[PDB]
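Counting starts at 1 for both ligands and their atoms, in listed order. Because only heavy atoms are used, hydrogens play no part in the values below, and waters and symmetry mates are left out as well, while side chains stay in. Chain identifiers are assigned alphabetically (A, B, ...) following the order of the sequence lines, protein sequences preceding nucleic acid strands; residue numbering begins at 1 within each chain.
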Amino acid sequence: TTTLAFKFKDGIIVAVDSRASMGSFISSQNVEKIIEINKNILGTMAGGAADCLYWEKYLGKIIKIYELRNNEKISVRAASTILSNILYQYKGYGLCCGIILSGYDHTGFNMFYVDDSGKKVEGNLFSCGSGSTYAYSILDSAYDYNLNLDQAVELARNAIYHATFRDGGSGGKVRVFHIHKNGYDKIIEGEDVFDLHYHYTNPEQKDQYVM
Amino acid sequence: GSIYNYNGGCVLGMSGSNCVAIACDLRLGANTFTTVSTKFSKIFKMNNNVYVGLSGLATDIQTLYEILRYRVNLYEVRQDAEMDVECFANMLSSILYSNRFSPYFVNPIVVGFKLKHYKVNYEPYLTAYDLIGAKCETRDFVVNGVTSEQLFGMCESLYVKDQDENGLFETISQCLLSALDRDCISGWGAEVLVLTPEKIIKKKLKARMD
Amino acid sequence: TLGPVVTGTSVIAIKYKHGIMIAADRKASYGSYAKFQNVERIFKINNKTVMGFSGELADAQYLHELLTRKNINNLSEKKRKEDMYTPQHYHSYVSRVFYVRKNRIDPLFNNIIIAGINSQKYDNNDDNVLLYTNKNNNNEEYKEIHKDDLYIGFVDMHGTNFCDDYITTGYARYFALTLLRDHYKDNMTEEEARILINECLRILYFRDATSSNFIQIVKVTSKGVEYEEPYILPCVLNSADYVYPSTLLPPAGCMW
Amino acid sequence: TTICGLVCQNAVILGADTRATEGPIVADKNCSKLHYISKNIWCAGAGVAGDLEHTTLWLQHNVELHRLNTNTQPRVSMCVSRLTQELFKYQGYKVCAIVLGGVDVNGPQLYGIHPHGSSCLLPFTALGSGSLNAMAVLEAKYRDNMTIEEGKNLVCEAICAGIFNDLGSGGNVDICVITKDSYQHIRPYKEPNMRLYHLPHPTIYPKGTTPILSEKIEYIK
Amino acid sequence: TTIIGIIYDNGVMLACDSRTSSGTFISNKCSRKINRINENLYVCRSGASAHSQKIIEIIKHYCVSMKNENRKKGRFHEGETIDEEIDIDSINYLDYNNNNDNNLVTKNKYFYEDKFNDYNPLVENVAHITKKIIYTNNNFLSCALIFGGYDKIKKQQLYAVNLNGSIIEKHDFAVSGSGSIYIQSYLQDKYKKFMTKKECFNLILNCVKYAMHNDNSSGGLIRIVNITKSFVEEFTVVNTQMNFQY
Amino acid sequence: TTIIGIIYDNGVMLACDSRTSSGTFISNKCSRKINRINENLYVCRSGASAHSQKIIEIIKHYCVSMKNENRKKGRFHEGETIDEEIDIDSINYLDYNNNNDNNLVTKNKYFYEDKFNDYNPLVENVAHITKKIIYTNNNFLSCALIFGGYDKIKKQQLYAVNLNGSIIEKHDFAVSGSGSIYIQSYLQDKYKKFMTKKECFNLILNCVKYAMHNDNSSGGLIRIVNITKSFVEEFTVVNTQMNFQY
Amino acid sequence: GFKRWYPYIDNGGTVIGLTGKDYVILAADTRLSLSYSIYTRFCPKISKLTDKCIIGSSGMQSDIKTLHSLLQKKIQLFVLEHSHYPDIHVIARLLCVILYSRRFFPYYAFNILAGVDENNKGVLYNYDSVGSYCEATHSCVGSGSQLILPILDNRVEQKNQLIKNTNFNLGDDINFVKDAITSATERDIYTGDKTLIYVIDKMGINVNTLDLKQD
Amino acid sequence: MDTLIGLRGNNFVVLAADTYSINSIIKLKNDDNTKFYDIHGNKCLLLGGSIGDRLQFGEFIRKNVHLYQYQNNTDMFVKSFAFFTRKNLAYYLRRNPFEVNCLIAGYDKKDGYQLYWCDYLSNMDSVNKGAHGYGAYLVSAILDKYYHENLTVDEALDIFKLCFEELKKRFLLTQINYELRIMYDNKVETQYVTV
Ligand SMILES: O=C(NC1CCCC1)[C@@H]1CCCCOc2cccc(c2)C[C@H](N2CCCC2=O)C(=O)N[C@@H](CCN2CCOCC2)C(=O)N1
Ligand SMILES: O=C(NC1CCCC1)[C@@H]1CCCCOc2cccc(c2)C[C@H](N2CCCC2=O)C(=O)N[C@@H](CCN2CCOCC2)C(=O)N1
Ligand SMILES: O=C(NC1CCCC1)[C@@H]1CCCCOc2cccc(c2)C[C@H](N2CCCC2=O)C(=O)N[C@@H](CCN2CCOCC2)C(=O)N1
């Protein structure tokens, strides 16, 4: 698994791969690792599939109730606090959850990393999963807050591609969503990394690439 | 068990009519999920009629290949002839068993031609091993490596008796690629060698790289 | 219970043309010690249902108590013979008990067979049930019962449950079951069923250390549940090579 | 695995299934489990495949050496002594459960050898994962002084019991009959298992369907 | 397993069950736990089958070496000039098995070649070399043995080689195996000095029968070997079932 | 520990050794393993001492409750009107101990208060409530019990409550403890139906004596309780040594 | 002492699913095994949930039976409380929550949900033991899954074939399911005896059988 | 952990490592010299792992290769050197293992510029780029992304600088001192870099 998100001048880019594994066997290549928490908050899934799915859907329910009760939109910080408290309550039980919560609210664009150990870290750039070190290195090497939407999407795609290239746990399709003031757009619904390799690393397609 | 997951990889042998094919993935893993190489061939030529595919722990692959090359070269220089594929297969079994209690962590296959000298007839020859040298002589296909179950399914479903060289190539390549697409720790390229008594065709497949 | 201490070995139950024939040797062992040699291992639940067990005797007695009182309460509420619980009902109940105990990691260390007649149309025994009197021990004849009306269920420690025409537990799952899958047939007479069961029990006596040759046979038929008179099974060796003296073989080498 | 043997009139009959497993997967569907030791001595093997292959090969070649050096008919007792001593030397870590049978000056003999080195002279026996099923059949139906045809039928029935009731067994039934003057290895003898459903047409991939990156042709001689 | 030895007035009798099991499964119904070492020297095996078998094979080899080394040079005995049979058939008669298998050899008897006991190894010597072998490797070997035999010095003798490689000579009876614990007091109560052949045979047979009745690890058939100064008799008993009035 | 029960023609006899040990050390030389539950209901204790003691205390309390609940209202039996001695002194005579301790009470006898068995709990009921208690906590409790008693329904009875909380009724004899394994076949061979009081007493005493001879965990003295329809007799035997001709 | 009893056992077997445009195929073998012995040759692994939805499972048979019966109970209760039958998607979410309720003492069951939604789309959901689930066009659970899933990938997706096939239909799909299960039976010791092939399409649920090898 | 990085081009090979000597929680030195083992004849062995094992294995290899070259009065081929190294490591793997990771580089006329990647299990393959240590996770993708054939030495050094900045910024151990070995144009040069 490789998920990532970063702020830039037009909002937040969120990109993920789509592989699911059972041990070393590939259970699926079409799983959806970006979960809409509400109209303005997206969640990414890394780690246990059931844990991420269940607790992000549970957070969605909590936030729906909150926003009905108080007639206002929850903040990303509050959503992340709720999730981190819920997960910390299960410490030692063995939950495997790596989650990035990104969204827009009245305080602007926000991004938090929440893991099963209760960690809750505000930031502007995160990556989770087995492939996250590769995505980190690519992003840090080529990250500028003043990138336009096209550049930001291209960078996210390239980072996901390199992660899936080096990490056996990541692969399938790259999805790149864009979060903005009025919700989010799916710039790249799903693009097989197969084409990405023969587009970036070996466009000649005349012999096997050598690492 | 996990030792075999350290590197990953797999090998596959198949026979047609007067032809035989051997294929492998090209990945060198490390720590079960890090790909460090994409040109690490598991296929080794002992002589023109004898190939061996060695999957498993890469250090043991290289070590066993060197031992086998030493033994084959000595045998052939002493005898002044090419080693018969069956003699080589039995020798490989004996070498693996000689380490019965501290074995090489390898999953070999042997693919080649058994020559029946009258004119000469070339009978495809296939054998799969376990790490202590138990042997499985077969006529259709052999598999080994962490991808063994997927290769077994693909071969049982798709193998076709008495295919010509092109049909053999398409079949073995499809079996290998489909099997690899379901493995997290194998793939990153495929080499396919199709053997005939007259020529060897070496192909690299445009495979998945994730 | 943390593990078996006093155990019974194996039970065999098969459908034949007049109902169920279930068998078990009357033995309960304390490890390799054959402490109890006259133990009942097949219990009557009601006039149409029996319970056999292998494994721990204390757990089996507990389950037998549960079912005894369940049948009593069933009879307490009965207004017509159709109200009596079927063998299928008791099999479901036992499978449920086992499943619940598995989920607590507190299983009964038994394999259970629940067998009987799944219909009320073959007789009027359940019209006036006698718990403490038996009239079978009059000169009527057995009715052939369609196999579909007969029930033989199995429950193991993990709650695995299924039904079949013949069920075995313990070592009978290897020795008896092989011969049954080869040789059982529908609508067997009491003679043929008894002969096949006896062949299975003879093999078990020769090959299962926990088994004995003192066999209790129970029948569930149109006349109800009948306990046959326990009998000793005659088991003779099937080769003179066994009985040949060792001194008549060569004195040299590994001759033994 | 299911291997079994019995003694009949002036003959020993061995039988085996042909499945080899690697975990829950069938690795070889037609592996041979009956091993030629000498013209009058065969053996059937269950346990670890590599151990069986190499132990039976070593035994066969040492027996031939002994026969050449003494110019006498090999004895089944010699195979028992050699095999049991080897297996005992390895304290059961050489997992070889072997049914050894043959005919010599002491008549037809059959031994059940166990990986720890024990042996037992028997009129019949079965070994392997299916040995309980085969032993059920043999105990039910064995008799002294059976004819060779009756013995063959019984051995086949016992192996089939193992094949159909034990997941570790399967494939065909192989049989060998060992008399004083020769043996008869029948492989397969039964063939009770075949693929039932076949697709109406075998999938033939059109030429050029697989994408390739590079190709080189290298001729030979 | 049950193995017994009893010394009686004119010899020593060895008896055994025949069951070999691996857990609850009976791998061998009728093993042969009483093995001839020399023409007048037998051993009853208990414990792990592989261990006792390989030990006994080694001991047989050692006994051949000793015997041939005991042979003196020359000729001897240029002048020296050197009981009620058990009704085995009636012991083995059962109503439901009468001529069901007519061909059945349940008895054998042979005479000693070394009539004067000129070279046969002493029972004590063979027993002690066995004890030595077991003791030297008692970190791995687990088997208990009973040696019975006749030599011209000490006459009929019993030696128990216990687990861990200790040796004790018995002058009345010896018992070993998981089944003998059950017949311990029965044998103690019924044994007397200078028993006849008939009394000893009946007693040893009943001991094995009771042990088989009570011990799941024992069963099969009963093999009885009787060792006298001039001959050895062996019997097989297949009527093993025990009938209680109550 | 050895505990035995034997049913004879006119009653049931319970016997026991008296040794309690902590490893190889004998913490109590003469414990009391046969305990009165009701005037006609005794239990023989085996297993861990604390377990059997606390179980029996609970059972005695339960038995008092049952007995007083069994009392029917009113008056009954307005008309109803309701064997060779054991020479215990001669059993207990030893040459080297004659008047060495004159004051020694080795016997006691008492008659039942509930002559008609109007309210005494059934032996089966008490045994089964005990089985229930043991089974409910059979993850922790390790003790085997023999119940012997007399009630007007089933007469003299033996119930074995085995380890893990199973119950079996015995109609001839019951044995438990590490010492009984040795006398298993001795008792099986010597027991017959409808024994006299004298025969039963001699047999049970000899069983305990043999078990003490063979089992290190058994020893001390022998306590024998005889339960009839009208009275209970208790004996102590201190002559426990076993003399073998051989 | 006594070892702690393990509360799990794999009873073996395979379940295979394959969607079409207007149909779904769910097939399962019927062997019931325990270690290397066969409890019975006929233990169906597919239960009907609704007229348009079935469930097939592999794993511990006691768990599968309890879970199928619990799901049937919950669905009948839903029908009584809410006056309508739940769609396949509703049942999928419900099964997810049921499985996750035992996240820490899981059911040993791998379950495929098969059905056709209101739009007459063939639907498949496949699950892990703790409630993770995903929608798929073909899936397989059980001992034979790692043998069968590559074959169905090759036939259905054709990702590694330049000359593709786009003529899919019910008869060919059923033939592919039968070939896949037979090929699995060839190699997986726990799959065999007999297979039940369920087909859901416009009319409803139809059942057919195919014989597998017995060894 | 010891971060090792190697990059080979058509005309060069570059190796790089952190310059830290670590004893538990303290840095013994910020200018470690126990990682690079220059070997006569345009060859270089770079090692990571425990300092003791590094010193032992590296000096053993260097001395044996120098012995070979003095005895045969010739330079060992780079490939021969790599496989001799791998075989010695594999010999000791099952007897008394050297827990060391290796990058092997060199030039010779037969094969040009060569880079071999070998791990502590003696798994080896020739590569165009490679890394060892925990920092491999953070530099490998950069190596992949910015590498191409026909890269110049200056371009490769810029790639290495990218790697060093990423290690300083994102790696838990903030490594900022590095040493590089550059082989090209029949000369071996040493550089030190601080980020
Ligand atoms: O890919 C995955 N994460 C990515 C995909 C989505 C989000 C990111 C993880 C990768 C490993 C997760 C480790 O943490 C666990 C937490 C709890 C349980 C288990 C593992 C064991 C469980 N196992 C093992 C065998 C039997 C079983 O139930 C199991 O590995 N489950 C698979 C689910 C795969 N599919 C199920 C249905 O379809 C959708 C996904 C799973 O969680 N994988
Ligand atoms: O069927 C079998 N015996 C019969 C078949 C013919 C003769 C009798 C056994 C059945 C199970 C025994 C497994 O206990 C082992 C103990 C120690 C070592 C190994 C196995 C080695 C190895 N192991 C162990 C796990 C990883 C691995 O690889 C392994 O499982 N060997 C397989 C055969 C391997 N293949 C060789 C070539 O192709 C045919 C099969 C094997 O011996 N099976
Ligand atoms: O050149 C050699 N001999 C010279 C050195 C002294 C005088 C002559 C021989 C070469 C013979 C080639 C035959 O093929 C093999 C035959 C048997 C075994 C192995 C290979 C694999 C074994 N392997 C592989 C990795 C782990 C392991 O144990 C291994 O290579 N053994 C080394 C001995 C290595 N030590 C010898 C003394 O020097 C220090 C190292 C070995 O046999 N060398």
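A cation-pi arrangement, defined by a distance under 6.0 Å to the six-membered ring centre and an angle within 45 degrees of its axis, is absent between A/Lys57 and A/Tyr54. Geometrically, B/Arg71 does not engage B/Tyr75 in a cation-pi contact defined by less than 6.0 Å to the ring centre and at most 45° from the axis. Judged by the 6.0 Å and 45° rule, G/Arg102 forms a cation-pi pair with G/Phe105.
Less than 4.0 angstrom separates some heavy atom of B/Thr63 from each of these atoms of ligand 3: 24 (C).
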Inset, instruction - Evaluate salt bridge (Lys or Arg N to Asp or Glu O under 4.0 Å) for A/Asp17 paired with A/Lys173, printing each intermediate quantity in order. - result: CA-CA 5 Å; A/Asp17 75 301; A/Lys173 309 150 146 45; over 6 Å; no
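At a heavy-atom cutoff of 4.0 Å, ligand 1 is contacted by both the backbone and the side chain of G/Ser129. The backbone and the side chain of D/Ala20 each have at least one atom closer than 4.0 Å to an atom of ligand 2 (non-hydrogen atoms only). Contacts between A/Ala20 and ligand 1, counted as non-hydrogen atom pairs separated by less than 4.0 Å, involve both the backbone and the side chain.
Look at B/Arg71 and you'll find every heavy atom at least 4.0 Å from all atoms of ligand 3. At a 4.0 Å cut-off, at least one heavy atom of A/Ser27 sits close enough to ligand 1 to count as contact. Using a 4.0 angstrom heavy-atom cutoff, B/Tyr104 counts as in contact with ligand 3.
In terms of protein heavy-atom proximity, atom 23 (N) of ligand 2 is closest to B/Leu131 CD2, 4.3 Å.
Between D/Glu22 and ligand 2, an N or O atom pair is found at a separation short of 3.5 Å. Inclusion of B/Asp130 in the set of residues having an N or O under 3.5 Å from an N or O of ligand 2 is warranted. For ligand 2, the polar-atom distance check finds no N/O of D/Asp28 at less than 3.5 Å from any of the ligand's N/O atoms.
Nearest-residue assignment for atom 2 (C) of ligand 1 (options A/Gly48, A/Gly47, A/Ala46; heavy-atom criterion): A/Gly47. Taking each of B/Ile95, B/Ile67, B/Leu68 in turn, the one with a heavy atom nearest to atom 18 (C) of ligand 3 proves to be B/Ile67. Comparing D/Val95, B/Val142, D/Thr1 against atom 4 (C) of ligand 2, the shortest heavy-atom distance belongs to D/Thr1.
Not a single protein heavy atom sits closer than 4.0 Å to atom 42 (O) of ligand 3.
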